[PDB]
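The structure appears right after this line, and notes come after that.
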Number of protein chains: 2
Amino acid sequence: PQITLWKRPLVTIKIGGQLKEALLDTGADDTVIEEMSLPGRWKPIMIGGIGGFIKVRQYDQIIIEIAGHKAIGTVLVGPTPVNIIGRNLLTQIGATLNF
Amino acid sequence: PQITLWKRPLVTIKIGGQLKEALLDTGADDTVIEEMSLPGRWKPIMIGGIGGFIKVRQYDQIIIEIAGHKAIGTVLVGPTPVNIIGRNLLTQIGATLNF
Ligand SMILES: CCCC[C@H](NC(=O)[C@H](C)NC(=O)[C@H](CCC(=O)O)NC(=O)[C@H](Cc1ccccc1)NC[C@H](CC(C)C)NC(=O)[C@@H](NC(=O)[C@@H](N)CCCNC(N)=[NH2+])C(C)C)C(N)=O
């Protein structure tokens with residue numbers, strides 16, 4: 001659908017069979033989800049944001065549903081302020097910015 | 001215009017008489033610009049995200065042109081790693097997320 005930005009663009013996602021709320025973030029290269037138990041193999045990496053760097057678990061080829069749309073790709077799991085859906089998955093659901 | 005998300009959604013902006021490149025960020029509530037000697041009154045505040053918080057100067061009623069689109073609002077100035085256009089200004093230029 002078309003989403004305006006007067007409020008945070010929050011949507012419901014399904015990951016690991018569990019429902020969560022996440023923010024569609026065009027300023028995020030990657031997708032970062034709060035700590036959780038997620039089925040799959042992972043590797044430790046570090047990512048950066050506005051305030052600095054944090055340690056996260058990188059999971060590849062993870063099936064995730066975003067607002068009813070299917071995506072399968074890399075999901076980083078760690079101590080993020082909020083769940084964010086980044087460009088790696090926004091492109092998969094065909095999201096674009098328009099004005 | 002329509003901006004795909006294959007790469008970072010960077011656009012040219014004009015602020016304080018200077019042209020800069022900025023990232024259209026739907027995951028940012030506010031607008032944060034790289035350290036610049038903007039004239040006028042300001043208030044010190046703290047903003048955060050991945051990695052923690054940073055100290056910025058809050059300026060009200062700052063004129064800013066985003067990809068040819070004029071806007072006026074609150075602009076934060078500080079040691080941000082990237083110039084970020086947040087929702088406070090994205091709404092003014094009528095930007096939406098579409099999928
Ligand atoms: C005016 C009052 C402000 C009050 C103040 N508000 C805030 O701090 C609000 C919540 N912060 C935000 O909205 C901030 C942006 C700053 C801002 O707008 O203020 N948003 C953010 O920080 C969001 C995530 C988030 C969202 C909501 C809450 C918390 C965090 N991240 C935005 C960020 C943009 C990037 C260009 C710096 N992206 C990222 O951090 C992603 N990282 C990346 O994409 C990295 N690969 C980038 C390269 C690494 N660095 C480098 N090369 N130098 C990450 C999510 C995988 C407060 N609450 O204290």
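Order determines the names: the first chain of the structure tokens is A, the second B, and so forth; residues in each chain are numbered 1 upward, and ligands are numbered 1 upward as they are shown.
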
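With only C-alpha atoms taken into account, chain B has residues 1, 2, 3, 4, 5, 25, 26, 27, 48, 49, 50, 51, 52, 53, 54, 87, 91, 94, 95, 96, 97, 98 and 99 of chain B at most 6 Å from chain A.
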
Export, as a PDB file, in the first residue's frame, the selected residues with C-alpha atoms.
```pdb
ATOM      1  CA  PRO B   1      10.055  11.377  -8.348  1.00  0.00           C
ATOM      2  CA  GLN B   2      10.373   7.697  -7.459  1.00  0.00           C
ATOM      3  CA  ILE B   3      13.440   6.415  -5.639  1.00  0.00           C
ATOM      4  CA  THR B   4      14.185   2.694  -5.579  1.00  0.00           C
ATOM      5  CA  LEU B   5      16.051   1.157  -2.665  1.00  0.00           C
ATOM      6  CA  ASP B  25      15.296   8.125   6.131  1.00  0.00           C
ATOM      7  CA  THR B  26      11.783   6.887   6.958  1.00  0.00           C
ATOM      8  CA  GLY B  27      13.183   5.389  10.158  1.00  0.00           C
ATOM      9  CA  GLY B  48      19.835   8.226  19.622  1.00  0.00           C
ATOM     10  CA  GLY B  49      19.655   5.134  17.503  1.00  0.00           C
ATOM     11  CA  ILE B  50      21.800   2.069  16.906  1.00  0.00           C
ATOM     12  CA  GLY B  51      24.956   2.386  18.991  1.00  0.00           C
ATOM     13  CA  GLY B  52      23.710   5.015  21.422  1.00  0.00           C
ATOM     14  CA  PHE B  53      23.168   8.758  21.651  1.00  0.00           C
ATOM     15  CA  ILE B  54      24.885  11.882  20.305  1.00  0.00           C
ATOM     16  CA  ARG B  87       9.894  12.263   8.851  1.00  0.00           C
ATOM     17  CA  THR B  91       6.013  14.731   5.377  1.00  0.00           C
ATOM     18  CA  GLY B  94       4.821  14.745   0.525  1.00  0.00           C
ATOM     19  CA  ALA B  95       7.012  11.635   0.582  1.00  0.00           C
ATOM     20  CA  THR B  96       5.470   8.183   0.930  1.00  0.00           C
ATOM     21  CA  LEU B  97       6.590   4.552   1.036  1.00  0.00           C
ATOM     22  CA  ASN B  98       4.932   2.372  -1.588  1.00  0.00           C
ATOM     23  CA  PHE B  99       4.746  -1.390  -2.192  1.00  0.00           C
TER      24      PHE B  99
END
```

Please return, as a list in words, all residues of chain B that DSSP assigns to alpha helix (DSSP H) on the basis of the backbone.
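Across chain B, those assigned alpha helix (DSSP H) are residues 87, 88, 89 and 90 of chain B.
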
Using only C-alpha atoms and all ligand atoms, pick whichever of A:38, A:72, A:63, A:33 has the shortest atom-to-atom distance to ligand 1.
A:33

Could you find all residues in chain A that DSSP calls strand (DSSP E) from the backbone, and write them as a PyMOL selection string?
chain A and resi 2-4+10-15+18-24+32-33+42-48+53-66+69-77+84-85+96-98

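Between ligand 1 and the candidates A:14, A:58, A:22, A:30, the tightest atom-to-atom separation, counting only C-alpha atoms and all ligand atoms, involves A:30.
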
When you look at residue 19 (chain B) with a cut-off of 10 Å (counting only C-alpha atoms), what residues show up, excluding the ones that are within fewer than 3 positions of it in the same chain? I need them as a list in words.
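Once the nearby chain positions are removed, what remains is residues 12, 13, 14, 15, 16, 22, 64, 65 and 66 of chain B.
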
Just want the 10 Å neighbourhood of residue 43 (chain B), counted on only C-alpha atoms, with same-chain residues fewer than 6 positions away dropped. Output as a count of residues only.
6

Given the choices A:39, A:78, A:73, A:17, which gets closest to ligand 1 if the distance is worked out from only C-alpha atoms and all ligand atoms?
A:78
